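So you know, we letter chains A, B, ... as the sequences are listed, proteins then strands, and number each from 1. Side chains included, hydrogens not; waters and symmetry mates left out as well; all remaining heavy atoms used.
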8 protein chains.
Amino acid sequence: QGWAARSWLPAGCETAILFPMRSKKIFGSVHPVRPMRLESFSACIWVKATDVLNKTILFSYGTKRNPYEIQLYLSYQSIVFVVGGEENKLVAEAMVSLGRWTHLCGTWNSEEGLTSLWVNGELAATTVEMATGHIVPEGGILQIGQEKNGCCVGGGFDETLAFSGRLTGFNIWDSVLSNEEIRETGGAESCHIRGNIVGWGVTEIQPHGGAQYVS
Amino acid sequence: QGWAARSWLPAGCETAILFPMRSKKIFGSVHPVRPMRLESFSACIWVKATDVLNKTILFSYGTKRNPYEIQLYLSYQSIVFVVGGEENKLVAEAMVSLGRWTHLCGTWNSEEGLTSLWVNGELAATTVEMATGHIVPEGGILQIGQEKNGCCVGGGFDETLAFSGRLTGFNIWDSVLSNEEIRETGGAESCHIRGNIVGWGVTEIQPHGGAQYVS
Amino acid sequence: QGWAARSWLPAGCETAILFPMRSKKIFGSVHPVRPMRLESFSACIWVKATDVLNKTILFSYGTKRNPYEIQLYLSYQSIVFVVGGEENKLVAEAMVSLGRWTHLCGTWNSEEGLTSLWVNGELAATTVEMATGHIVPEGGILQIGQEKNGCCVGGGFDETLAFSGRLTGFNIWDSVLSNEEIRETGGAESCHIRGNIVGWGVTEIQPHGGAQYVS
Amino acid sequence: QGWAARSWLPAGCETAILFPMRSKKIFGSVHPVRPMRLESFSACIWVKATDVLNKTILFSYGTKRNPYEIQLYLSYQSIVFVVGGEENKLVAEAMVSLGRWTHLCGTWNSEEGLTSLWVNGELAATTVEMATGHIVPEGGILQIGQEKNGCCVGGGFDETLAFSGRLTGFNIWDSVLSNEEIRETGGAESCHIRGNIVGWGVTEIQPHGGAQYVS
Amino acid sequence: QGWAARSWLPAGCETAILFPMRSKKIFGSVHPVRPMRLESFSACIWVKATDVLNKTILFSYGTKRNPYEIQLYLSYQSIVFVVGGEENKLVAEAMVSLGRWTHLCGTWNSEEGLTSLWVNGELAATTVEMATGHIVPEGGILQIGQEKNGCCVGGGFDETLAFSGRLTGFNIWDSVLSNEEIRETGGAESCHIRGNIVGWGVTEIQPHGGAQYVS
Amino acid sequence: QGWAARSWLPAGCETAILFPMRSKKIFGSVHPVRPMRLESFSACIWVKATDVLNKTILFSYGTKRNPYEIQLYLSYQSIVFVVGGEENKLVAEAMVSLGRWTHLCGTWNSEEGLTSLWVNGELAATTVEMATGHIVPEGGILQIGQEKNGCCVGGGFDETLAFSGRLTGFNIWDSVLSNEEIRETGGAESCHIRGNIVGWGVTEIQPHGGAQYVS
Amino acid sequence: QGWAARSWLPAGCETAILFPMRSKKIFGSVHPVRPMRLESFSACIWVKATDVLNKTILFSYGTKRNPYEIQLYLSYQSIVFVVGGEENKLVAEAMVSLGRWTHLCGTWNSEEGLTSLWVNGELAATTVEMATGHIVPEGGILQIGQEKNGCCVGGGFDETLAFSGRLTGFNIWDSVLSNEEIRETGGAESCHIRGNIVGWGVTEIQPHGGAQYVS
Amino acid sequence: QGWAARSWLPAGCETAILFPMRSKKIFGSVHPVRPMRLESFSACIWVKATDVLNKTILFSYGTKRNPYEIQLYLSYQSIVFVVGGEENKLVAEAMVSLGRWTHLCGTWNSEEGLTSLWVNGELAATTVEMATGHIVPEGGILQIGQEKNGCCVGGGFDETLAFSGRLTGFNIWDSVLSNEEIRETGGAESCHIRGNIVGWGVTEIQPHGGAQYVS
Ligand SMILES: *[C@@H]1O[C@H](CO)[C@@H](O)[C@H](O)[C@H]1NC(C)=O
Ligand SMILES: *[C@@H]1O[C@H](CO)[C@@H](O)[C@H](O)[C@H]1NC(C)=O
Ligand SMILES: *[C@@H]1O[C@H](CO)[C@@H](O)[C@H](O)[C@H]1NC(C)=O
Ligand SMILES: *[C@@H]1O[C@H](CO)[C@@H](O)[C@H](O)[C@H]1NC(C)=O
Ligand SMILES: *[C@@H]1O[C@H](CO)[C@@H](O)[C@H](O)[C@H]1NC(C)=O
Ligand SMILES: *[C@@H]1O[C@H](CO)[C@@H](O)[C@H](O)[C@H]1NC(C)=O
Ligand SMILES: *[C@@H]1O[C@H](CO)[C@@H](O)[C@H](O)[C@H]1NC(C)=O
Ligand SMILES: *[C@@H]1O[C@H](CO)[C@@H](O)[C@H](O)[C@H]1NC(C)=O
């Protein structure tokens with residue numbers, strides 16, 4: 001039991017990415033096939049955080065002129081969803097427990113800045129007028145476990161921002177999932193339902209700097 | 001059980017190749033010791049497809065002058081077996097299911113263009129006069145999960161053609177297997193039955209571009 | 001059962017580092033974020049030694065001018081804790097059995113040179129006036145399984161000093177842990193307890209020379 | 001039990017080396033710290049052969065002047081032990097079954113050329129006057145799964161000689177083990193018994209060319 | 001004077017590619033940024049051939065379905081220009097001398113199949129109705145010194161086809177250059193004249209397999 | 001003469017960086033020891049441009065928040081100097097010529113936004129009130145021949161922005177050089193004059209993506 | 001003058017291989033396309049030895065059974081030519097001077113064991129009945145600057161045997177060259193004369209372990 | 001003359017090592033085959049320093065217990081020769097010119113601690129009773145251009161200690177050279193006279209971290 005418990009993966013998922021540590025060079029890169037130009041999206045992930053600091057990035061999308069087009073990050077017990085800029089922040093106060101698998105979904109629509117944050121399929125936080133009329137542009141860099149800064153040596157990333165733990169089932173839909181669907185994506189057998197922008201198991205994800213597929 | 005099931009391999013096989021994603025660079029290369037000059041053959045494989053598009057390659061043999069000497073590939077619900085050229089398709093209409101280990105095996109003979117396609121040991125489709133009198137040349141490149149295209153350059157493959165999922169038990173015989181032998185190669189303990197042209201566990205197979213042995 | 005036994009990891013821990021052999025090049029490097037300047041410390045680790053010689057290093061800290069600022073090493077059945085110099089040696093006489101996961105943790109305070117060794121939560125040895133008033137300097141190199149000698153080129157480490165076996169849960173605190181906390185760090189569910197100088201799963205640890213994360 | 005049988009390792013052994021295929025470049029290199037100068041020796045290994053040809057090398061010791069100072073190899077159902085030269089050959093006739101873990105020991109003494117083969121702890125063959133008065137020289141290259149000639153010329157080994165399958169517990173003693181000890185090295189809990197020239201888990205073994213530790 | 005001669009480069013160019021040998025893996029890859037779709041073109045190069053066989057490739061463009069969309073190759077003293085297929089040759093006679101820098105430039109127009117071959121600025125051969133109405137397709141692979149073949153397998157190319165010697169000033173224009181311009185591109189200080197499809201010093205060229213920039 | 005001329009380097013300098021082409025991955029990285037926090041600066045370089053587009057970067061400093069803290073780039077015959085943002089631009093109209101070693105210096109002072117641009121030691125453009133009171137921040141990435149966008153990710157730079165040609169003598173001073181000193185940095189024997197922020201031959205510069213030291 | 005002299009190459013040769021040192025891992029590998037089965041041969045090379053020990057290898061051919069099928073090596077001022085075995089040896093007594101380009105060429109014919117050794121085009125030694133009726137086998141490994149031994153990770157070659165200095169113009173003919181031709185291969189422009197078994201500039205030669213092409 | 005002057009190397013030497021910059025990772029490693037146990041020695045080098053700080057290492061020998069067994073390093077105007085420990089300095093005050101080739105020899109004898117420092121063949125400084133009766137130990141690490149730390153570490157060395165510029169003719173004799181011999185080693189054609197412990201061109205020297213052979 002002790003092995004099967006620690007080797008357990010949440011949905012029917014068969015692969016995860018391990019972050020054995022935080023460091024200045026560990027990150028995952030995500031390579032969507034179709035462009036990340038979005039007027040609304042849902043972004044869901046399974047996270048098993050080892051340790052949480054002031055700001056541990058789960059995933060981050062950013063362009064050249066705006067590093068913070070989308071972020072999902074943990075702040076101790078809290079979860080922080082960011083769209084369009086650091087000032088555009090939705091906080092779920094107390095939701096993440098270390099060392100156990102928890103499912104997160106962000107959800108945002110430009111047309112009313114309508115934003116929503118879900119934990120294990122329950123509405124954790126909601127807000128309106130967040131980045132109203134903003135459009136997430138194409139051509140940015142999407143990462144997991146780290147924020148845009150630089151993989152290209154000379155210092156690397158900010159080690160204090162890095163994720164440590166395990167991730168699986170990273171999915172982005174170019175659209176707001178209905179509440180019913182959001183509960184489905186967290187379901188016991190849900191790993192096969194995957195996003196149309198980023199689909200876990202189809203979209204190229206490269207671990208770097210000591211991140212590993214745990215297959 | 002779920003942790004045992006998520007790691008189960010179909011026959012007694014004890015290695016598979018994981019394709020964690022489709023990508024411009026992911027493929028397996030296969031290096032037969034004896035030449036791929038064939039007047040008849042049987043080609044069997046275990047596949048566990050993650051996701052299927054319009055054409056996802058399971059394996060492909062091609063020469064410099066003809067990229068499509070042999071192909072087995074999946075369409076959204078269908079298995080397509082190609083010999084001698086893209087125009088020579090045998091299509092089995094409706095019997096590949098995602099996330100389930102299924103055994104496929106194709107059989108062809110030049111002498112009457114007699115071709116046959118088998119799924120989990122059942123005859124799925126058959127045809128005659130397919131590539132009649134054609135001989136598969138030697139000196140081609142055999143790949144799994146991707147079709148012959150640009151390989152040494154950055155990227156170079158068509159990302160939409162790539163396999164994603166798991167493969168095991170890829171076998172090629174320089175002969176038409178009898179119907180009883182075809183049912184054997186799918187059997188519960190069949191992994192030790194291996195091809196004389198390509199034998200799983202014997203023929204050198206190199207995963208590239210993020211494909212992994214899952215040993 | 002035996003298969004689940006050979007993969008069992010001691011506390012709730014889910015990653016370990018395997019040393020498949022001793023050699024002139026195998027070691028782990030440890031990269032603390034905050035400086036290793038210490039006036040007292042606690043250093044705990046889980047070890048499953050394959051084979052023990054006159055001196056098998058579990059971990060070693062040192063600088064240019066003093067290679068032996070801290071060492072924990074095994075000497076056949078004995079455990080040896082070193083602080084400030086090779087002359088400053090605390091020996092627990094008969095405490096390591098091969099092939100069994102055992103928890104070791106050392107504690108030292110400069111203010112009285114007070115020093116203790118703990119094995120599976122029981123006080124194994126203690127001494128006073130060991131390196132009294134010494135301060136462990138910063139900017140040194142911390143290693144697991146090997147002592148300062150190699151890196152770079154030439155197969156520089158002493159192969160006879162190298163660890164072989166498995167390690168997990170390497171932790172360093174910048175303080176003397178109370179006896180009750182020391183018994184906690186060996187507990188069945190303790191892996192979430194991690195040090196503020198080195199934390200297992202948080203501090204960057206790089207295996208080299210054939211050392212592997214097993215995870 | 002599907003996964004447990006596949007992942008079972010014979011003695012208490014907690015690592016093996018997988019040869020996923022035969023090829024011109026796959027081999028293991030073994031690096032004894034003390035010299036391979038031998039007037040007698042015992043050499044034991046666990047093998048799980050995938051496929052056996054005319055000659056599949058399990059391990060081979062040779063020098064520049066003589067590639068065949070020691071060989072253990074399989075020849076279909078037969079096991080062949082070589083000392084001092086290809087002419088000096090002891091054959092056990094029908095002793096190796098594919099896909100099953102089996103334990104082999106060779107034993108040789110120069111003083112009478114007395115030689116024995118053991119399979120699963122039973123004496124399988126014996127002979128006398130084999131390489132009488134010969135001394136195995138030091139300074140040779142010891143390999144597992146492949147024979148000396150080749151390497152670095154793009155592999156350059158004879159693909160037909162290569163092992164495929166799994167190996168564990170490779171051990172060499174600089175002495176004739178007694179019959180009682182030989183039965184112990186095959187025991188259910190014997191993996192802690194290791195040789196003084198080559199010890200499994202102690203002597204550096206490097207897999208090359210697609211050979212892998214399975215850990 | 002001896003050293004000045006050995007290092008001399010023909011036009012004002014200050015960069016060449018050396019092919020120190022022919023082999024199964026030496027080639028240059030060329031990466032035009034705008035597509036190689038051509039209804040007419042001019043292709044000029046400086047060659048210093050070390051040794052010429054029956055077919056030594058200077059450059060080759062081909063697609064998956066047609067390896068021979070464009071080739072320029074030497075055949076002993078003869079020079080052979082290919083467009084649209086092997087069957088479509090323009091052969092100049094007795095024109096390349098080994099070890100001497102010579103400028104070659106091909107020219108072709110689909111509209112009348114008008115084709116022309118130039119050596120050191122003099123018309124060497126001309127023909128008409130060659131690949132009339134053919135359009136060179138985009139999306140192929142352009143190489144220097146070697147022909148489209150396998151490249152990501154070990155070796156893979158036909159060693160007898162490979163160039164050996166030095167190359168510089170490889171240029172392609174999406175148009176027929178006038179005779180005046182063709183004489184200019186061979187000029188003593190012409191090297192700054194570069195093509196709009198491939199420009200020397202501008203288009204990415206990667207030497208592989210022991211080819212070197214000697215700049 | 002031509003052999004000596006093609007290898008000539010401008011001042012006494014005895015190394016340069018060659019950009020053989022303008023690919024998506026070619027760039028130089030520059031690693032100042034002391035911080036790039038600047039209230040005034042002088043930046044000088046020797047350039048021998050092969051080919052110039054709308055915008056060919058000579059060097060670029062930028063942070064995560066602002067990619068354009070400092071840029072010097074060529075636009076056909078024009079030189080463009082940027083400080084604090086793309087809107088803050090000083091253009092020298094018509095004085096870079098392809099294939100000729102030319103020396104450039106930009107100087108800027110925050111305290112009046114006083115900015116000046118120099119070509120071969122002659123004042124070429126000047127402006128007041130450019131980025132007045134702005135301070136260039138620390139912690140950015142300094143590059144030569146390319147603009148911050150992103151290595152990894154398969155290259156990820158804009159190919160049209162990349163420099164091609166040769167560079168030497170890149171120097172940055174944390175002060176406005178006097179007009180006399182600017183003429184000195186251009187002098188025929190000036191290579192020993194180097195900056196206190198970036199000094200040619202002391203600051204670490206790494207060529208990437210096919211950029212080469214020519215030594 | 002000295003700048004030209006230090007870079008001068010002997011014949012018209014436009015490429016050399018530098019051995020900067022005599023380490024345990026430096027060697028050149030030579031890959032003839034047609035087999036090294038020889039009943040007679042001629043083997044010529046240019047050498048500029050830095051330092052000579054009792055045995056410095058210029059080139060060596062051997063098989064697993066016999067490392068010494070052909071060797072040319074220097075022994076202080078002496079030159080030693082070996083065919084078929086170390087016992088079969090032709091010694092030119094006092095003929096190699098350090099730091100000077102000197103042409104050596106050996107010549108052997110099995111039919112009478114007729115053997116000849118030439119220095120700068122002059123007959124230096126001759127003998128008969130050397131390896132009479134021996135045939136040099138195919139399938140051996142040909143090296144320059146080092147003798148057949150361990151490559152791999154095997155600790156490498158014998159450092160004392162290694163060449164240091166420069167080599168060019170290594171050529172092997174499958175025949176005895178006439179005396180007139182032997183004087184030609186040393187001539188002022190002779191670098192274009194190359195062997196039919198090994199030809200300098202056409203046969204693949206790979207420098208390893210710090211050996212460099214000087215081009 | 002412009003190129004010939006900057007390409008000139010001091011003695012007959014025809015290779016040097018370039019340090020294009022100081023950095024945390026640039027160094028040379030030196031691998032004497034016979035032990036560095038010394039009771040007296042002479043150590044000579046050609047240096048062309050680009051830039052000199054408080055302490056720029058030319059070469060350094062150190063053990064595990066003592067980093068400073070031997071050092072030769074420059075200071076802003078001065079050469080400092082260290083034997084046995086940092087406290088044992090022989091300082092020559094005012095005689096390295098930046099950018100000009102100069103020949104340095106250190107000379108030390110344990111018996112009277114007699115030490116001598118020579119610049120361009122003239123006695124620069126002398127002292128007695130320096131490290132009297134000390135013996136330089138076996139088994140240390142000898143470096144050029146940097147002081148003993150670990151590398152790895154993503155760097156590790158103090159960047160402010162690193163050499164930048166060019167080095168050639170690094171020679172160590174296990175003896176005090178006579179004054180006559182010391183004037184020889186600096187001679188116009190002295191490159192061929194080389195040390196018996198370290199000989200330039202025979203002892204393996206590996207450049208690391210962007211140090212380059214210039215050949
Ligand atoms: C956590 O993050 C916020 C940024 O939103 C920062 O203001 C604060 O300093 C952090 N908390 C602590 C305790 O440092
Ligand atoms: C599926 O593939 C066929 C080729 O047989 C193609 O004609 C068709 O367009 C594809 N379907 C879709 C929906 O793209
Ligand atoms: C074990 O180590 C000690 C050093 O503390 C040494 O004196 C001794 O030789 C060693 N014992 C053996 C049996 O080698
Ligand atoms: C098996 O090996 C022997 C060498 O001992 C050889 O004579 C024989 O040809 C081989 N057998 C077959 C069937 O090839
Ligand atoms: C060269 O190739 C041509 C084919 O174009 C062939 O006809 C000819 O015989 C070949 N010659 C040789 C010597 O191989
Ligand atoms: C060159 O750059 C400028 C930006 O200042 C832009 O306005 C213009 O479109 C460009 N010129 C061309 C011909 O594209
Ligand atoms: C050199 O080699 C020969 C063997 O050919 C040997 O007889 C002799 O001892 C050696 N000489 C020296 C000085 O080592
Ligand atoms: C240079 O080095 C010496 C060490 O002998 C030291 O005393 C001094 O502080 C240094 N000089 C400067 C200007 O830092």
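By number of non-hydrogen pairs under 4.5 angstrom with chain A, the leading residue of F:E204, F:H31, F:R65, F:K148 is F:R65. Of the listed residues (F:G156, F:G154, F:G150, F:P67), the one with the most heavy-atom contacts under 4.5 Å to chain A is F:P67.
Residue F:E147 touches chain A through its side chain alone, counting heavy-atom pairs closer than 4.5 Å. If you measure heavy-atom distances from A:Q143 to chain F, you find no contacts under 4.5 Å at all.
With A:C152, the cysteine F:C151 has an SG gap short of 2.5 Å.
Open room surrounds CD on A:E111; 12 or fewer heavy atoms of other groups in view lie less than 6.0 Å from it. Summarising the local packing, CD of A:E86 is surrounded by more than 12 heavy atoms from other residues, nucleotides or ligands at distances under 6.0 Å.
Annotation: side chain of F:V153 is not in contact with side chain of A:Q206 (no heavy-atom distance under 4.5 Å).
When all heavy atoms of A:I141 and F:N149 are compared, the closest pair comes out as CD1-O, 4.0 Å.
A distance of 11.5 Å separates CG of F:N66 from NZ of A:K64, quoted to the nearest 0.5 Å.
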